[PDB]
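Colleague:
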Amino acid sequence: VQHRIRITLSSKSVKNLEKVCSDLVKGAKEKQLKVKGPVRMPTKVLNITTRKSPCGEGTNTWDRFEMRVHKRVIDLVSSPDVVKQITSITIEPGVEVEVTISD
Amino acid sequence: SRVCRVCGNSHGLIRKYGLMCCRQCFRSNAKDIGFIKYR
Amino acid sequence: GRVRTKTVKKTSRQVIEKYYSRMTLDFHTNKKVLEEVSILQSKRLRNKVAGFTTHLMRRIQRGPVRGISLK
Amino acid sequence: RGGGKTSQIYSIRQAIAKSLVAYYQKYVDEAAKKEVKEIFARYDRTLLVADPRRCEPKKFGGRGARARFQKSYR
Amino acid sequence: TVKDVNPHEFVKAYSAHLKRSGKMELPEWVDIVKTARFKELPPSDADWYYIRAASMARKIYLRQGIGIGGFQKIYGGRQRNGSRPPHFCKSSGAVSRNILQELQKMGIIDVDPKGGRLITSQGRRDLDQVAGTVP
Amino acid sequence: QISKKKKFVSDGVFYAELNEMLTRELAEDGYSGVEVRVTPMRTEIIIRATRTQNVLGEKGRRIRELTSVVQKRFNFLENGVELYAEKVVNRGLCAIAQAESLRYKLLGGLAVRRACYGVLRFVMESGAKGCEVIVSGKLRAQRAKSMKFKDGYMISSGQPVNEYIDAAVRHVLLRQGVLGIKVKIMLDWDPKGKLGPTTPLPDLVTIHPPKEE
Amino acid sequence: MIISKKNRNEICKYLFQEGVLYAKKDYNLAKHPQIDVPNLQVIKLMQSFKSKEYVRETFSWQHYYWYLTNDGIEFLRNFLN
RNA sequence: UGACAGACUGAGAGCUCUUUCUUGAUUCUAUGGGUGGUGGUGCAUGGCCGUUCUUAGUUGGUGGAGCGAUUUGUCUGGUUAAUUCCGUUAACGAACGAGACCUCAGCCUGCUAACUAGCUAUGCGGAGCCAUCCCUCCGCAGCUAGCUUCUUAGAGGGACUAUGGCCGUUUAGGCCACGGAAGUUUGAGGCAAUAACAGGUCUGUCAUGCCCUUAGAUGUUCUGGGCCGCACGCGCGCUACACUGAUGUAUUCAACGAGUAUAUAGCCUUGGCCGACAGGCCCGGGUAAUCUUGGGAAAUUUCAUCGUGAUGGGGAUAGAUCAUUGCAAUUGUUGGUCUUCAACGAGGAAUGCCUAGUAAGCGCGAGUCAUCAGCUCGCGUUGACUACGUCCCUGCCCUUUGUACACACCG
Ligand SMILES: [Mg+2]
Ligand SMILES: [Mg+2]
Ligand SMILES: [Mg+2]
Ligand SMILES: [Mg+2]
Ligand SMILES: [Mg+2]
Ligand SMILES: [Mg+2]
Ligand SMILES: [Mg+2]
Ligand SMILES: [Mg+2]
Ligand SMILES: [Mg+2]
Ligand SMILES: [Mg+2]
Ligand SMILES: [Mg+2]
Ligand SMILES: [Mg+2]
Ligand SMILES: [Mg+2]
Ligand SMILES: [Mg+2]
Ligand SMILES: [Mg+2]
Ligand SMILES: [Mg+2]
Ligand SMILES: [Mg+2]
Ligand SMILES: [Mg+2]
Ligand SMILES: [Mg+2]
Ligand SMILES: [Zn+2]
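Chains as they are written, first to last, in the UniProt record's numbering: chain A, 24 to 126; chain B, 18 to 56; chain C, 2 to 72; chain D, 76 to 149; chain E, 18 to 152; chain F, 4 to 216; chain G, 1 to 81.
1. Start and end of the alpha helix (DSSP H) containing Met-157/F?
2. Along chain A, in chain order, which residues have C-beta atoms closer than 7 Å to that of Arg-40/F?
3. Give the straight-line distance between the Cα atoms of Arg-47/C and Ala-171/F, rounded to the nearest whole angstrom.
4. Taking the beta strand (DSSP E) that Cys-106/E falls in, what are its first and last residues?
5. Pop quiz: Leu-32/A and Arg-87/A are said to be a contact at Cβ under 8 Å. What is the actual Cβ separation, rounded to whole angstroms?
6. Could you tell me the distance, in whole angstroms, from the CA atom of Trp-61/G to the CA atom of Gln-41/B?
7. Could you give the DSSP three-state label for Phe-88/A: helix, strand or coil?
8. Who are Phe-152/F's beta bridge partners in DSSP?
9. Out of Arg-45/F, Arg-40/F, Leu-96/F, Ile-137/F, which one is the CA nearest neighbour of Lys-153/F?
10. Whether or not the stretch 19 to 34 of chain F and the stretch 96 to 113 of chain A are in contact is what I'm after, with contact meaning three or more pairs of Cβ atoms, one per stretch, closer than 8 Å; do they touch?
11. With 16 other CB atoms within 10 Å as the buried threshold, where does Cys-21/B fall?
12. Our contact map puts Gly-93/E next to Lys-107/E with C-beta atoms below 8 Å; I'd like the distance itself, whole angstroms only.
13. Take the Cβ of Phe-11/F as the centre, count every other Cβ of all protein chains shown within 10 Å, and call the residue buried at 16 or more, exposed below.
14. Let's test the definition: count the other Cβ atoms within 10 Å of the Cβ of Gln-101/F and tell me whether it reaches 16, buried, or not, exposed.
15. Look at the Cβ atom of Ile-210/F, then the Cβ atom of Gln-42/C, and state whether they are nearer than 8 Å.
16. Is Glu-28/F close to chain G, meaning its C-beta is less than 8 Å from at least one C-beta of that chain?
17. Taking its Cβ as the centre, do 16 or more other Cβ atoms sit within 10 Å of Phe-79/G, making it buried, or is it exposed?
18. Is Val-186/F near ligand 20, with its Cβ less than 7 Å from a heavy atom?
19. Determine whether the beta carbon atoms of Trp-192/F and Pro-205/F lie at a separation below 8 Å.
20. Kindly say whether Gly-133/F, judged by its beta-carbon, lies nearer than 8 Å to any beta-carbon of chain B.
21. Using the beta-carbon of each residue, which ones in chain B are nearer than 7 Å to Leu-69/A?
22. Name, please, each residue of chain F whose Cβ falls closer than 8 Å to the Cβ of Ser-43/C.
23. Compare the C-beta of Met-90/A with all C-beta atoms of chain F and state if any pair is closer than 8 Å.
24. Just the Cα atoms here: how many angstroms apart are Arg-106/F and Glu-28/F?
25. Flag this pair as yes or no: are the beta carbons of residue 212/A and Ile-28/A separated by less than 8 Å?
26. Between the beta-carbon of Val-118/A and the beta-carbon of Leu-40/A, is there less than 8 Å?
27. Please state whether DSSP places residue 217/F in a helix, a strand or coil.
28. Select from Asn-82/F, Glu-216/F, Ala-30/F, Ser-104/F the residue whose C-alpha is nearest the C-alpha of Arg-45/F.
29. Would you kindly work out how many angstroms separate the C-alpha atoms of residue 106/G and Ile-53/B, rounded to a whole number?
30. Going by C-alpha to C-alpha distance, which of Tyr-34/B, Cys-38/B, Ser-45/B sits closest to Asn-70/A?
31. Give the secondary structure of residue 153/E by DSSP, where H, G and I count as helix, E and B as strand, and everything else as coil.
32. In terms of alpha-carbon separation, which member of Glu-115/A, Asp-46/A, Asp-104/A, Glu-89/A lies closest to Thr-123/A?
33. Who pairs with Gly-183/F in a beta bridge, going by DSSP?
34. Of the choices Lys-75/A, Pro-116/A, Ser-34/A, whose alpha-carbon is the least far from that of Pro-65/A?
35. Just reading off the beta strand (DSSP E) that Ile-99/F is part of, what are its end residues?
36. Which bits of chain F does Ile-50/B rub up against, with CB to CB less than 8 Å?
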């Protein structure tokens, strides 16, 4: 009746992610569930360095572009329906919710 | 045999991460895609 | 070069005028007091404004001073 | 762990020194840790305080933090 | 044990062990192979195989599950490309495989499930015995 | 199965392509933005413009067409992708809509300075801290020149430029060449969020008046 | 352009059911999706209906978006319907 | 309209011809009109970028002065990295730029946590040993943690020149010092004004005016060649001229990143076997803090061999031969094996970059990419000499001054 449910969240924005991440944890704290989280995984910075000029004249100057991607994990023990009851609240834009079942 | 998705040009192509844009179209659309100039 | 600019100096004097009684000569307590009366957008701005108010109080407690009008 | 051979040696140095200071702090005595602190910190202040020095990033226009590409006029 | 002895004198002591301790086979190319693509000459010492064995059984004794494509990186090094910049090159897999196979054919190490190579209980035993005898 | 890096890059590329599409159709419609919100089983794409009737069209035939072709190009699961039409809260505080307005006045034949001061005054009367309109090209002559029209407060360096400035660039294909329009608008501090940014300027102070008892 | 009557028939039926169409610019793609044709004709008969304002075109930056027009639906009904 | 056999052809292009089947209003013919063009013109333009310009600079309103262009404000002086500030004051009050701001790095045994990070203890397993326990070193598993120090990433805290001394209107500030993780704005970046340039870009853009062409094409596509050719001059560089070294053992310490259904094993590739290398076959993991990868890097350290010799320094030029990528490797793609052993004895006049984890040395990653990195953009590792000034040279800012210059002394 109790599984091992892992919910993984990804985002480009720290705060919009952490709002939802805290909301899930507290929504599963009212049900006296075992919430082992949130676990923080190394920020992935996607980087592309590009020449500013379109024509290759002048000083060679570069601009470094970066996307920060953040990876949170929440652990739960429940049935998938109780969690689906919990992970049904209003989700901020840009947040990925990808609940699965670990072994 | 590999062109910019935005303009179909053959030079200065960015295939990293799956973008497949040329170095000028990527600059024009970098902010829209989500690439921020931090440092 | 640690010259304080216009914003800090102006805000320092203008907060000395409004509350002379609730400020004091310690930096840290003055930091807290300045956090309890005004809305600033950076910790560094607060530390700088409080640092300029603390020796302004030291010289006020010393003698007279320019434009600030203490009641 | 980490760093290189010299950096690991200096890290170990700091490890013995601060570990001894903490042991005399928490288990032996507050006065005989002040003793050992003074012997350690009269010889070298960086058996207890680490170096904030890091490797400065590299900037385009040269291969190095400060160096630049050699300039030619004609 | 092995970590209480300097790893240079220990490898000298062990590579003298396998010599006068019975024998093993030795290929018919030991005198001609360079041990690395980037090397210039074969190993200078005629007794290098045993050195390479004694140095190498200490790798498995301090680690667990090391393949051959990891030993090639262990014994690889700097390759100079003449007028181009030098880079990192890996050594030859044939000697690396052959010494492990021989250690198997003496019972010092053994192949490991989950991949790799692991020191045997008896192989641990003689390594600490010889370690006990190094100044 | 797709990694996170490639997932997010594709999401950003989709939004870029979608917007650079939707600025071609909703041109004489006041197009002013697109937002892709992802719900379970559905992906909402709120188009926003100044004239929602025009994008909607007659009984929503245009929005139907847009939904259908957006579905078909970007291989969405059928009926999974839908479009809506919200309307910009303030037309006079968006430089995309304002630049397009100025563009259409110019291509109508309206004299340049009249149109630029019209845009300027409208942005100032809608409660903006300041406005800047740049018009560049061959104006009446073979040599290219540029005119700048400014009003109110205007800042150009530092971080708040990103959150306090709304800027838009638009070409004009007036006869005998090309005109460039740059529109810059300084928004004002709105803790509510409806009209401006919430965080104040990095150099702004507020001493609460010394209440007495 | 020389296209078989069957190929144009399928272009018009697909232009009917939904009313909208897209190609890419890749010339000689040799199999359009959603309908069976080498993707050259599709572009080249939308190039006709655009000239007769049966369809309104957005170049979409060289990638060909087509929407059927109230004027051209009446023509195409008398053709396959 | 499509097509057989020979010629035509490089061609298995029905391109063209011999032959007449196949196909049906989609086409053909002329006029018009569109269309395409990495065609022209950046001195017709847009946008972008560079530079003037790394400095501190720029501008209204109202008032003052002047016939006026113009000027003041925007300043004598002190001070600052700063048109920063104090203050002076026909100006007063403001707008940009500087600063603030944002990113990264530096401190936190304080908070929140973490089996995709680990440390600790305990258990079992091995190995040593005064041996039976104890002791040391590893393996392994959990309802061990009053676990989160180390790792990760969030919320905050912390520095303000705060305190002291001395100089200074004893103002703004400056130097010194205890403390402290930190006292050049803590270091390094991002962002960045007015006005301008006939700066570069029509060869990024189905961005664009005009012109040219538009079928016997400057359109598109195919095949082959060139872009790489070599008496010579120039610019950025790579390798070196050796013993503070080369070679051969042993030994072994990082960080930043990367891994498209990549076809039926496929991008990064562990593991096993064959092979001297190159490379190959098989069983597999990973869409990734999980697998590659604790990224087992080099310089460095260590013990030998060389012995002042164009030498075992150097590795150019070249022969033979193997393998790999790719549809194809020829004017050698690249990687291997043996052989060949050039100049080069620290470089004339000139000239560049550099003030601390910096220069320099060392290697690693990514971009390009089927294959190719001597490049560029990042990253760690080892880690100094000198200075803490000046306006001599090259320039820059402000003031006063002269001017027959204003395309402005390249007058
Ligand atoms: Mg070297
Ligand atoms: Mg062409
Ligand atoms: Mg120009
Ligand atoms: Mg230009
Ligand atoms: Mg005036
Ligand atoms: Mg006046
Ligand atoms: Mg007058
Ligand atoms: Mg700074
Ligand atoms: Mg252009
Ligand atoms: Mg060709
Ligand atoms: Mg260069
Ligand atoms: Mg040599
Ligand atoms: Mg060596
Ligand atoms: Mg090539
Ligand atoms: Mg590469
Ligand atoms: Mg290059
Ligand atoms: Mg004179
Ligand atoms: Mg004159
Ligand atoms: Mg002269
Ligand atoms: Zn492009």
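Note that the Cβ used here is the ideal one computed from N, Cα and C, for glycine as well.
Modeller: According to the structure data:
1. Following the DSSP letters along the chain, one finds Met-157/F in no alpha helix (DSSP H), marked with neither H nor E.
2. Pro-116
3. 35 Å
4. 101 to 106
5. Contact doesn't hold; Cβ gap of about 27 Å is too wide.
6. Within the model, the alpha-carbon separation for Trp-61/G versus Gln-41/B is close to 15 Å.
7. strand
8. In the DSSP output, where bridge partners are listed per residue, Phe-152/F has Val-136/F.
9. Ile-137/F
10. no
11. buried
12. 4 Å
13. buried
14. buried
15. no
16. yes
17. Classification of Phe-79/G: exposed, given that the 10 Å Cβ count is below 16.
18. no
19. For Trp-192/F and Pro-205/F, no; Cβs fall outside 8 Å.
20. Interface residue (Cβ-Cβ distance to chain B less than 8 Å): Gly-133/F is not classified as such.
21. Chain B residues near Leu-69/A: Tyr-34.
22. Ordered by position in chain F, the residues that pass the 8 Å Cβ test against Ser-43/C are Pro-205.
23. Yes, contact with chain F.
24. 15 Å
25. The question about residue 212/A has no answer, for chain A in this structure spans 24 to 126.
26. Yes, Cβ-Cβ distance for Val-118/A and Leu-40/A is below 8 Å.
27. Since the first and last residues shown for chain F are 4 and 216, residue 217/F lies out of range.
28. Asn-82/F
29. Nothing can be reported for residue 106/G: it is not among the residues displayed for chain G, which extend from 1 to 81.
30. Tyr-34/B
31. Look at the range of chain E in this structure, 18 to 152, and you will see that residue 153/E is not part of it.
32. For the residues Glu-115/A, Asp-46/A, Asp-104/A, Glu-89/A, the minimum Cα distance to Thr-123/A belongs to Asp-104/A.
33. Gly-183/F pairs with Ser-139/F, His-174/F.
34. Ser-34/A
35. No beta strand (DSSP E) holds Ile-99/F; the alpha helix (DSSP H) holding it covers 98 to 111.
36. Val-12, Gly-15, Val-16, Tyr-18, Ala-19
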